[PDB]
>>> print(open('structure07.pdb').read())   # PDB, C-alpha atoms (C1' of nucleotides)
ATOM      1  CA  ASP V 248     119.768 194.220 189.488  1.00  0.00           C
ATOM      2  CA  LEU V 249     118.154 193.695 186.080  1.00  0.00           C
ATOM      3  CA  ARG V 250     119.703 196.885 184.714  1.00  0.00           C
ATOM      4  CA  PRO V 251     122.986 196.128 186.446  1.00  0.00           C
ATOM      5  CA  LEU V 252     126.179 198.152 186.796  1.00  0.00           C
ATOM      6  CA  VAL V 253     129.449 196.237 186.544  1.00  0.00           C
ATOM      7  CA  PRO V 254     132.474 198.327 185.497  1.00  0.00           C
ATOM      8  CA  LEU V 255     135.204 197.591 182.996  1.00  0.00           C
ATOM      9  CA  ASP V 256     138.622 196.224 183.918  1.00  0.00           C
ATOM     10  CA  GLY V 257     140.203 199.666 184.250  1.00  0.00           C
ATOM     11  CA  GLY V 258     137.722 201.028 186.763  1.00  0.00           C
ATOM     12  CA  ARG V 259     135.552 202.719 184.139  1.00  0.00           C
ATOM     13  CA  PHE V 260     131.879 201.929 184.726  1.00  0.00           C
ATOM     14  CA  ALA V 261     129.885 200.590 181.761  1.00  0.00           C
ATOM     15  CA  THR V 262     126.144 200.515 182.407  1.00  0.00           C
ATOM     16  CA  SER V 263     123.057 199.269 180.598  1.00  0.00           C
ATOM     17  CA  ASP V 264     120.891 201.416 178.370  1.00  0.00           C
ATOM     18  CA  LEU V 265     118.068 201.570 180.890  1.00  0.00           C
ATOM     19  CA  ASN V 266     120.042 203.563 183.442  1.00  0.00           C
ATOM     20  CA  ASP V 267     120.659 206.224 180.802  1.00  0.00           C
ATOM     21  CA  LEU V 268     117.001 206.257 179.744  1.00  0.00           C
ATOM     22  CA  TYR V 269     115.819 206.523 183.343  1.00  0.00           C
ATOM     23  CA  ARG V 270     118.383 209.264 184.000  1.00  0.00           C
ATOM     24  CA  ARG V 271     117.009 211.269 181.074  1.00  0.00           C
ATOM     25  CA  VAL V 272     113.381 210.922 182.117  1.00  0.00           C
ATOM     26  CA  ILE V 273     114.134 211.656 185.791  1.00  0.00           C
ATOM     27  CA  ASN V 274     116.193 214.764 185.000  1.00  0.00           C
ATOM     28  CA  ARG V 275     113.534 216.168 182.688  1.00  0.00           C
ATOM     29  CA  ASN V 276     110.856 215.346 185.259  1.00  0.00           C
ATOM     30  CA  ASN V 277     112.809 217.344 187.847  1.00  0.00           C
ATOM     31  CA  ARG V 278     113.096 220.268 185.443  1.00  0.00           C
ATOM     32  CA  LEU V 279     109.349 220.119 184.770  1.00  0.00           C
ATOM     33  CA  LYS V 280     108.780 220.091 188.541  1.00  0.00           C
ATOM     34  CA  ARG V 281     110.958 223.189 188.927  1.00  0.00           C
ATOM     35  CA  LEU V 282     109.096 224.944 186.135  1.00  0.00           C
ATOM     36  CA  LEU V 283     105.656 224.061 187.503  1.00  0.00           C
ATOM     37  CA  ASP V 284     106.376 225.342 190.995  1.00  0.00           C
ATOM     38  CA  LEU V 285     108.179 228.292 189.389  1.00  0.00           C
ATOM     39  CA  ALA V 286     104.998 228.923 187.307  1.00  0.00           C
ATOM     40  CA  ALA V 287     106.856 229.342 184.024  1.00  0.00           C
ATOM     41  CA  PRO V 288     105.362 230.707 180.787  1.00  0.00           C
ATOM     42  CA  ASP V 289     103.060 228.285 179.005  1.00  0.00           C
ATOM     43  CA  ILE V 290     105.266 227.964 175.910  1.00  0.00           C
ATOM     44  CA  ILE V 291     108.233 226.961 178.076  1.00  0.00           C
ATOM     45  CA  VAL V 292     106.256 224.507 180.187  1.00  0.00           C
ATOM     46  CA  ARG V 293     104.658 222.946 177.099  1.00  0.00           C
ATOM     47  CA  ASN V 294     108.087 222.634 175.479  1.00  0.00           C
ATOM     48  CA  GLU V 295     109.378 220.802 178.538  1.00  0.00           C
ATOM     49  CA  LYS V 296     106.223 218.663 178.548  1.00  0.00           C
TER      50      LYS V 296
ATOM     51  CA  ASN R   7     147.336 168.006 230.421  1.00  0.00           C
ATOM     52  CA  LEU R   8     149.000 169.350 227.276  1.00  0.00           C
ATOM     53  CA  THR R   9     151.413 172.275 227.371  1.00  0.00           C
ATOM     54  CA  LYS R  10     149.945 175.559 226.198  1.00  0.00           C
ATOM     55  CA  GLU R  11     152.324 176.443 223.355  1.00  0.00           C
ATOM     56  CA  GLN R  12     151.431 173.119 221.732  1.00  0.00           C
ATOM     57  CA  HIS R  13     147.806 174.039 222.458  1.00  0.00           C
ATOM     58  CA  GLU R  14     148.010 177.360 220.619  1.00  0.00           C
ATOM     59  CA  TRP R  15     149.996 175.653 217.844  1.00  0.00           C
ATOM     60  CA  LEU R  16     147.181 173.159 217.260  1.00  0.00           C
ATOM     61  CA  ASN R  17     144.663 176.013 217.641  1.00  0.00           C
ATOM     62  CA  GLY R  18     146.331 177.963 214.835  1.00  0.00           C
ATOM     63  CA  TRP R  19     146.837 174.884 212.664  1.00  0.00           C
ATOM     64  CA  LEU R  20     143.295 173.524 212.870  1.00  0.00           C
ATOM     65  CA  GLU R  21     141.962 177.086 212.601  1.00  0.00           C
ATOM     66  CA  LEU R  22     143.858 177.450 209.324  1.00  0.00           C
ATOM     67  CA  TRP R  23     142.614 174.009 208.284  1.00  0.00           C
ATOM     68  CA  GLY R  24     138.987 174.847 209.049  1.00  0.00           C
ATOM     69  CA  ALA R  25     139.396 178.101 207.152  1.00  0.00           C
ATOM     70  CA  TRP R  26     140.730 176.048 204.242  1.00  0.00           C
ATOM     71  CA  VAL R  27     137.850 173.549 204.273  1.00  0.00           C
ATOM     72  CA  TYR R  28     135.250 176.292 204.749  1.00  0.00           C
ATOM     73  CA  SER R  29     136.029 177.847 201.337  1.00  0.00           C
ATOM     74  CA  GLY R  30     134.567 174.895 199.446  1.00  0.00           C
ATOM     75  CA  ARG R  31     130.867 174.674 200.190  1.00  0.00           C
ATOM     76  CA  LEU R  32     128.188 175.739 197.729  1.00  0.00           C
ATOM     77  CA  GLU R  33     125.555 177.316 200.006  1.00  0.00           C
ATOM     78  CA  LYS R  34     127.623 180.406 200.721  1.00  0.00           C
ATOM     79  CA  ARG R  35     127.295 184.170 200.824  1.00  0.00           C
ATOM     80  CA  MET R  36     127.573 185.403 197.235  1.00  0.00           C
ATOM     81  CA  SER R  37     128.060 189.160 197.030  1.00  0.00           C
ATOM     82  CA  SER R  38     126.771 191.638 194.465  1.00  0.00           C
ATOM     83  CA  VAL R  39     128.930 194.003 192.436  1.00  0.00           C
ATOM     84  CA  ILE R  40     128.317 197.072 194.620  1.00  0.00           C
ATOM     85  CA  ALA R  41     129.138 195.317 197.899  1.00  0.00           C
ATOM     86  CA  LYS R  42     132.286 193.930 196.267  1.00  0.00           C
ATOM     87  CA  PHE R  43     133.476 197.386 195.291  1.00  0.00           C
ATOM     88  CA  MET R  44     132.549 198.854 198.688  1.00  0.00           C
ATOM     89  CA  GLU R  45     134.648 196.088 200.258  1.00  0.00           C
ATOM     90  CA  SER R  46     137.556 196.826 197.918  1.00  0.00           C
ATOM     91  CA  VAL R  47     137.340 200.566 198.662  1.00  0.00           C
ATOM     92  CA  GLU R  48     136.725 200.580 202.442  1.00  0.00           C
ATOM     93  CA  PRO R  49     136.436 197.337 204.437  1.00  0.00           C
ATOM     94  CA  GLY R  50     134.827 196.857 207.825  1.00  0.00           C
ATOM     95  CA  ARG R  51     134.657 193.596 209.778  1.00  0.00           C
ATOM     96  CA  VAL R  52     134.705 191.333 206.719  1.00  0.00           C
ATOM     97  CA  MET R  53     138.265 190.010 207.119  1.00  0.00           C
ATOM     98  CA  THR R  54     139.183 186.389 206.446  1.00  0.00           C
ATOM     99  CA  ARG R  55     141.359 183.730 208.081  1.00  0.00           C
ATOM    100  CA  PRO R  56     144.472 182.150 206.527  1.00  0.00           C
ATOM    101  CA  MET R  57     144.386 178.803 204.728  1.00  0.00           C
ATOM    102  CA  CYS R  58     147.079 176.440 203.450  1.00  0.00           C
ATOM    103  CA  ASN R  59     148.675 175.526 200.127  1.00  0.00           C
ATOM    104  CA  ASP R  60     146.473 172.388 200.228  1.00  0.00           C
ATOM    105  CA  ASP R  61     149.259 169.793 200.352  1.00  0.00           C
ATOM    106  CA  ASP R  62     149.902 170.416 204.027  1.00  0.00           C
ATOM    107  CA  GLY R  63     146.114 170.527 204.212  1.00  0.00           C
ATOM    108  CA  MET R  64     146.005 167.258 202.263  1.00  0.00           C
ATOM    109  CA  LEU R  65     148.309 165.443 204.672  1.00  0.00           C
ATOM    110  CA  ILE R  66     146.558 166.736 207.783  1.00  0.00           C
ATOM    111  CA  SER R  67     143.192 165.860 206.231  1.00  0.00           C
ATOM    112  CA  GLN R  68     144.601 162.396 205.557  1.00  0.00           C
ATOM    113  CA  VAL R  69     145.713 161.946 209.169  1.00  0.00           C
ATOM    114  CA  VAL R  70     142.354 163.122 210.560  1.00  0.00           C
ATOM    115  CA  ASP R  71     140.570 160.823 208.087  1.00  0.00           C
ATOM    116  CA  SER R  72     142.714 157.904 209.234  1.00  0.00           C
ATOM    117  CA  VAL R  73     142.315 158.360 212.982  1.00  0.00           C
ATOM    118  CA  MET R  74     138.849 160.002 213.159  1.00  0.00           C
ATOM    119  CA  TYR R  75     136.864 157.303 211.357  1.00  0.00           C
ATOM    120  CA  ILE R  76     135.822 155.638 214.638  1.00  0.00           C
ATOM    121  CA  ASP R  77     134.143 158.755 216.096  1.00  0.00           C
ATOM    122  CA  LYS R  78     131.398 160.624 214.247  1.00  0.00           C
ATOM    123  CA  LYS R  79     130.346 163.117 216.928  1.00  0.00           C
ATOM    124  CA  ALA R  80     133.820 164.525 217.622  1.00  0.00           C
ATOM    125  CA  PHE R  81     134.401 164.901 213.872  1.00  0.00           C
ATOM    126  CA  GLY R  82     131.071 166.697 213.549  1.00  0.00           C
ATOM    127  CA  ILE R  83     131.711 169.107 216.393  1.00  0.00           C
ATOM    128  CA  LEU R  84     135.238 169.920 215.201  1.00  0.00           C
ATOM    129  CA  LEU R  85     133.821 170.586 211.736  1.00  0.00           C
ATOM    130  CA  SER R  86     130.927 172.747 212.980  1.00  0.00           C
ATOM    131  CA  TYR R  87     133.303 174.552 215.367  1.00  0.00           C
ATOM    132  CA  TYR R  88     136.181 175.017 212.926  1.00  0.00           C
ATOM    133  CA  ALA R  89     134.289 175.679 209.689  1.00  0.00           C
ATOM    134  CA  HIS R  90     131.263 177.738 210.750  1.00  0.00           C
ATOM    135  CA  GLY R  91     132.612 179.390 213.889  1.00  0.00           C
ATOM    136  CA  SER R  92     130.093 178.150 216.450  1.00  0.00           C
ATOM    137  CA  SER R  93     130.974 178.418 220.127  1.00  0.00           C
ATOM    138  CA  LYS R  94     131.066 175.533 222.593  1.00  0.00           C
ATOM    139  CA  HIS R  95     128.150 177.189 224.380  1.00  0.00           C
ATOM    140  CA  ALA R  96     126.326 177.170 221.030  1.00  0.00           C
ATOM    141  CA  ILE R  97     127.106 173.570 220.060  1.00  0.00           C
ATOM    142  CA  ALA R  98     126.370 172.489 223.647  1.00  0.00           C
ATOM    143  CA  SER R  99     122.914 174.076 223.413  1.00  0.00           C
ATOM    144  CA  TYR R 100     122.505 172.626 219.907  1.00  0.00           C
ATOM    145  CA  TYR R 101     123.286 169.102 221.122  1.00  0.00           C
ATOM    146  CA  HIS R 102     121.238 169.379 224.318  1.00  0.00           C
ATOM    147  CA  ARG R 103     118.155 170.776 222.547  1.00  0.00           C
ATOM    148  CA  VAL R 104     117.739 167.631 220.416  1.00  0.00           C
ATOM    149  CA  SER R 122     121.410 168.261 230.801  1.00  0.00           C
ATOM    150  CA  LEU R 123     123.234 171.043 228.949  1.00  0.00           C
ATOM    151  CA  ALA R 124     126.183 171.611 231.307  1.00  0.00           C
ATOM    152  CA  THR R 125     127.177 167.944 231.175  1.00  0.00           C
ATOM    153  CA  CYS R 126     126.690 168.182 227.393  1.00  0.00           C
ATOM    154  CA  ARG R 127     129.205 171.052 227.293  1.00  0.00           C
ATOM    155  CA  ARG R 128     131.481 168.922 229.485  1.00  0.00           C
ATOM    156  CA  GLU R 129     131.302 165.877 227.215  1.00  0.00           C
ATOM    157  CA  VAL R 130     131.903 167.872 224.028  1.00  0.00           C
ATOM    158  CA  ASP R 131     134.977 169.541 225.533  1.00  0.00           C
ATOM    159  CA  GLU R 132     136.427 166.265 226.826  1.00  0.00           C
ATOM    160  CA  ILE R 133     135.871 164.502 223.494  1.00  0.00           C
ATOM    161  CA  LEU R 134     137.593 167.478 221.845  1.00  0.00           C
ATOM    162  CA  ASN R 135     140.477 167.071 224.316  1.00  0.00           C
ATOM    163  CA  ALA R 136     140.634 163.326 223.600  1.00  0.00           C
ATOM    164  CA  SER R 137     140.596 163.800 219.814  1.00  0.00           C
ATOM    165  CA  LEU R 138     143.357 166.409 220.092  1.00  0.00           C
ATOM    166  CA  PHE R 139     145.406 164.081 222.319  1.00  0.00           C
ATOM    167  CA  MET R 140     145.074 161.382 219.664  1.00  0.00           C
ATOM    168  CA  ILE R 141     145.823 163.652 216.688  1.00  0.00           C
ATOM    169  CA  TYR R 142     148.859 165.537 218.087  1.00  0.00           C
ATOM    170  CA  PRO R 143     151.834 163.071 218.063  1.00  0.00           C
ATOM    171  CA  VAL R 144     150.889 161.464 214.740  1.00  0.00           C
ATOM    172  CA  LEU R 145     150.739 165.029 213.396  1.00  0.00           C
ATOM    173  CA  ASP R 146     154.267 165.714 214.677  1.00  0.00           C
ATOM    174  CA  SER R 147     155.586 162.544 213.018  1.00  0.00           C
ATOM    175  CA  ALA R 148     153.689 163.353 209.801  1.00  0.00           C
ATOM    176  CA  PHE R 149     155.264 166.810 209.871  1.00  0.00           C
ATOM    177  CA  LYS R 150     158.831 165.644 210.442  1.00  0.00           C
ATOM    178  CA  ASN R 151     158.875 162.809 207.896  1.00  0.00           C
ATOM    179  CA  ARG R 152     158.376 165.095 204.880  1.00  0.00           C
ATOM    180  CA  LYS R 153     161.004 166.229 202.384  1.00  0.00           C
ATOM    181  CA  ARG R 154     160.848 169.952 201.635  1.00  0.00           C
ATOM    182  CA  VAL R 155     160.996 170.462 197.867  1.00  0.00           C
ATOM    183  CA  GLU R 156     164.012 172.629 197.121  1.00  0.00           C
ATOM    184  CA  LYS R 157     164.112 175.836 195.100  1.00  0.00           C
ATOM    185  CA  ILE R 158     164.825 175.920 191.386  1.00  0.00           C
ATOM    186  CA  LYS R 159     168.475 175.654 190.349  1.00  0.00           C
ATOM    187  CA  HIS R 160     170.514 176.142 187.182  1.00  0.00           C
ATOM    188  CA  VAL R 161     173.093 173.736 185.772  1.00  0.00           C
ATOM    189  CA  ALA R 162     175.397 176.139 183.857  1.00  0.00           C
TER     190      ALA R 162
ATOM    191  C1'   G K   1     129.757 186.104 208.919  1.00  0.00           C
ATOM    192  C1'   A K   2     136.328 183.906 206.094  1.00  0.00           C
ATOM    193  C1'   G K   3     139.170 183.917 197.337  1.00  0.00           C
ATOM    194  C1'   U K   4     136.932 186.242 192.769  1.00  0.00           C
ATOM    195  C1'   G K   5     134.495 189.222 187.153  1.00  0.00           C
ATOM    196  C1'   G K   6     133.135 188.197 181.620  1.00  0.00           C
ATOM    197  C1'   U K   7     128.634 188.075 179.967  1.00  0.00           C
ATOM    198  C1'   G K   8     126.287 193.641 178.707  1.00  0.00           C
ATOM    199  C1'   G K   9     127.105 196.014 173.749  1.00  0.00           C
ATOM    200  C1'   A K  10     129.450 197.061 168.970  1.00  0.00           C
ATOM    201  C1'   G K  11     132.714 196.013 164.883  1.00  0.00           C
ATOM    202  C1'   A K  12     135.748 192.805 161.982  1.00  0.00           C
ATOM    203  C1'   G K  13     137.273 187.788 160.599  1.00  0.00           C
ATOM    204  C1'   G K  14     136.755 182.458 160.758  1.00  0.00           C
ATOM    205  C1'   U K  15     134.485 176.946 161.232  1.00  0.00           C
ATOM    206  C1'   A K  16     130.255 173.184 160.300  1.00  0.00           C
TER     207        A K  16
END
>>> encode(input="structure07.pdb", output="structure tokens")
Amino acid sequence: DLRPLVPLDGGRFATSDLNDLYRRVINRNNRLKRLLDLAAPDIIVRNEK
Amino acid sequence: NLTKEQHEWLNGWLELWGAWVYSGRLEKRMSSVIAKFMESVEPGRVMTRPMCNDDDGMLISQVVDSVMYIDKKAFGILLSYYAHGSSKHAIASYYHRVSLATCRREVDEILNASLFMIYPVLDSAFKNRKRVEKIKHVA
RNA sequence: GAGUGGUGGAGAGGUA
């Protein structure tokens, strides 16, 4: 509730910046998780790191 | 006692009046954004009760202020019954805790007495009002 | 258990 989500008047949802930043870091953390349990090549896993 | 169609008429009228005067307090349930949009998309058991256009509410508040100045306890129990939604079992226990069956008996007979006092003055206050007519055009 | 959304953010212009 400190990075809140109230939409616009026409139903379109306008967020804060922090939800986008957290979405980016969580998605890339999930992809790094998939590549670590996949045991990817070291160049690929260091690029995702 | 009183006839039952007059009884349900006063039940509906003071229910609407208590629903009107319950939408004015400050310590009230303020919703978030997400609960508001969940309520606007798919409601559950969150429905409300009808109120007035506040002039009818004004005149009935004026008649209960005029006649119910001499009794504090009946005014308090009709407020706490009509605004919050507490049962007579609940307000009987709430008044006995600070017997209980005779307490339930005295709160229902003071409710019956206050309704018997408020009904005919309410009928006269209803019939002696001019309905404001709709808007007209002169040429 | 009883109505309801801009602040958020940008850009432009104005007042003292």
>>> atom_distance(input="structure07.pdb", atom1="atom CA of residue 52 of chain R", atom2="atom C1' of residue 3 of chain K")
12.8 Å
>>> resolve_selection(input="structure07.pdb", expression="the PyMOL selection byres ((chain R and resi 98) around 10)", output="PyMOL selection string")
chain R and resi 83+92-97+99-103+122-131
>>> resolve_selection(input="structure07.pdb", expression="the PyMOL selection byres ((chain R) within 10 of (chain V))", output="PyMOL selection string")
chain R and resi 38-40+43
>>> atom_distance(input="structure07.pdb", atom1="atom CA of residue 81 of chain R", atom2="atom CA of residue 18 of chain R")
17.7 Å
>>> resolve_selection(input="structure07.pdb", expression="the PyMOL selection byres ((chain R and resi 57) around 7)", output="short mmCIF file (atom, residue, chain, number, x, y, z; two decimals) with C-alpha atoms, in the coordinates of the input")
data_model
loop_
_atom_site.label_atom_id
_atom_site.label_comp_id
_atom_site.auth_asym_id
_atom_site.auth_seq_id
_atom_site.Cartn_x
_atom_site.Cartn_y
_atom_site.Cartn_z
CA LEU R 22 143.86 177.45 209.32
CA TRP R 23 142.61 174.01 208.28
CA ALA R 25 139.40 178.10 207.15
CA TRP R 26 140.73 176.05 204.24
CA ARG R 55 141.36 183.73 208.08
CA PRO R 56 144.47 182.15 206.53
CA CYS R 58 147.08 176.44 203.45
#
>>> interface_residues(input="structure07.pdb", of="chain K", to="chain V", cutoff="12 Å", atoms="all atoms listed in the file", output="PyMOL selection string")
chain K and resi 5-9
>>> atom_distance(input="structure07.pdb", atom1="atom CA of residue 152 of chain R", atom2="atom CA of residue 88 of chain R")
25.6 Å
>>> residues_around(input="structure07.pdb", residues="residue 278 of chain V", least_positions_apart="4", cutoff="10 Å", atoms="all atoms listed in the file", output="PyMOL selection string")
chain V and resi 272-274+282-283+292+295-296
>>> closest_residue(input="structure07.pdb", among="R:135, R:46, R:62, R:24", to="residue 150 of chain R", atoms="all atoms listed in the file")
R:62
>>> residues_around(input="structure07.pdb", residues="residue 70 of chain R", least_positions_apart="2", cutoff="12 Å", atoms="all atoms listed in the file", output="PyMOL selection string")
chain R and resi 20+23+63-68+72-78+80-81+84-85+137-138+140-142+144-145+148
>>> closest_residue(input="structure07.pdb", among="R:10, R:90, R:31, R:79", to="chain K", atoms="all atoms listed in the file")
R:90
>>> closest_residue(input="structure07.pdb", among="R:86, R:151, R:54, R:12", to="chain K", atoms="only C-alpha atoms (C1' of nucleotides)")
R:54
>>> closest_residue(input="structure07.pdb", among="R:89, R:61, R:71, R:33", to="chain K", atoms="only C-alpha atoms (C1' of nucleotides)")
R:89
>>> axis_aligned_box(input="structure07.pdb", around="segment 258-267 of chain V", padding_each_side="4 Å", output="AutoDock Vina command-line options")
--center_x 127.9 --center_y 202.7 --center_z 182.6 --size_x 27.7 --size_y 15.0 --size_z 16.4
>>> build_atoms(input="structure07.pdb", residues="segment 276-289 of chain V", atoms="N, CA, C and O atoms", output="JSON list (two decimals), keeping the file's coordinate frame")
[["chain", "number", "residue", "atom", "x", "y", "z"],
["V", 276, "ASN", "N", 111.97, 215.24, 184.33],
["V", 276, "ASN", "CA", 110.86, 215.35, 185.26],
["V", 276, "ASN", "C", 111.17, 216.33, 186.38],
["V", 276, "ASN", "O", 110.29, 217.08, 186.81],
["V", 277, "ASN", "N", 112.42, 216.35, 186.85],
["V", 277, "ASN", "CA", 112.81, 217.34, 187.85],
["V", 277, "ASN", "C", 112.76, 218.76, 187.29],
["V", 277, "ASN", "O", 112.35, 219.69, 187.99],
["V", 278, "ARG", "N", 113.16, 218.93, 186.02],
["V", 278, "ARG", "CA", 113.10, 220.27, 185.44],
["V", 278, "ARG", "C", 111.65, 220.71, 185.22],
["V", 278, "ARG", "O", 111.33, 221.89, 185.40],
["V", 279, "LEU", "N", 110.76, 219.78, 184.88],
["V", 279, "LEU", "CA", 109.35, 220.12, 184.77],
["V", 279, "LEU", "C", 108.75, 220.44, 186.13],
["V", 279, "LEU", "O", 107.87, 221.30, 186.24],
["V", 280, "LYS", "N", 109.23, 219.77, 187.19],
["V", 280, "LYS", "CA", 108.78, 220.09, 188.54],
["V", 280, "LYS", "C", 109.21, 221.49, 188.94],
["V", 280, "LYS", "O", 108.41, 222.25, 189.51],
["V", 281, "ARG", "N", 110.46, 221.85, 188.63],
["V", 281, "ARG", "CA", 110.96, 223.19, 188.93],
["V", 281, "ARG", "C", 110.18, 224.24, 188.15],
["V", 281, "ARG", "O", 109.90, 225.33, 188.67],
["V", 282, "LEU", "N", 109.82, 223.94, 186.90],
["V", 282, "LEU", "CA", 109.10, 224.94, 186.14],
["V", 282, "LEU", "C", 107.63, 225.03, 186.52],
["V", 282, "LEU", "O", 107.01, 226.08, 186.34],
["V", 283, "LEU", "N", 107.04, 223.95, 187.06],
["V", 283, "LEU", "CA", 105.66, 224.06, 187.50],
["V", 283, "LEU", "C", 105.56, 224.82, 188.82],
["V", 283, "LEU", "O", 104.67, 225.67, 188.99],
["V", 284, "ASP", "N", 106.45, 224.54, 189.78],
["V", 284, "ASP", "CA", 106.38, 225.34, 191.00],
["V", 284, "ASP", "C", 106.98, 226.73, 190.82],
["V", 284, "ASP", "O", 106.74, 227.60, 191.66],
["V", 285, "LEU", "N", 107.74, 226.95, 189.74],
["V", 285, "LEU", "CA", 108.18, 228.29, 189.39],
["V", 285, "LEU", "C", 107.10, 229.07, 188.65],
["V", 285, "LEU", "O", 107.18, 230.30, 188.59],
["V", 286, "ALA", "N", 106.07, 228.37, 188.14],
["V", 286, "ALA", "CA", 105.00, 228.92, 187.31],
["V", 286, "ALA", "C", 105.57, 229.65, 186.08],
["V", 286, "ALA", "O", 105.45, 230.86, 185.92],
["V", 287, "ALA", "N", 106.20, 228.86, 185.23],
["V", 287, "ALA", "CA", 106.86, 229.34, 184.02],
["V", 287, "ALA", "C", 105.82, 229.79, 182.99],
["V", 287, "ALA", "O", 104.62, 229.56, 183.16],
["V", 288, "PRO", "N", 106.25, 230.49, 181.93],
["V", 288, "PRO", "CA", 105.36, 230.71, 180.79],
["V", 288, "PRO", "C", 104.91, 229.40, 180.14],
["V", 288, "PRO", "O", 105.60, 228.38, 180.19],
["V", 289, "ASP", "N", 103.73, 229.48, 179.51],
["V", 289, "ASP", "CA", 103.06, 228.28, 179.00],
["V", 289, "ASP", "C", 103.81, 227.66, 177.83],
["V", 289, "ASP", "O", 103.80, 226.44, 177.69]]
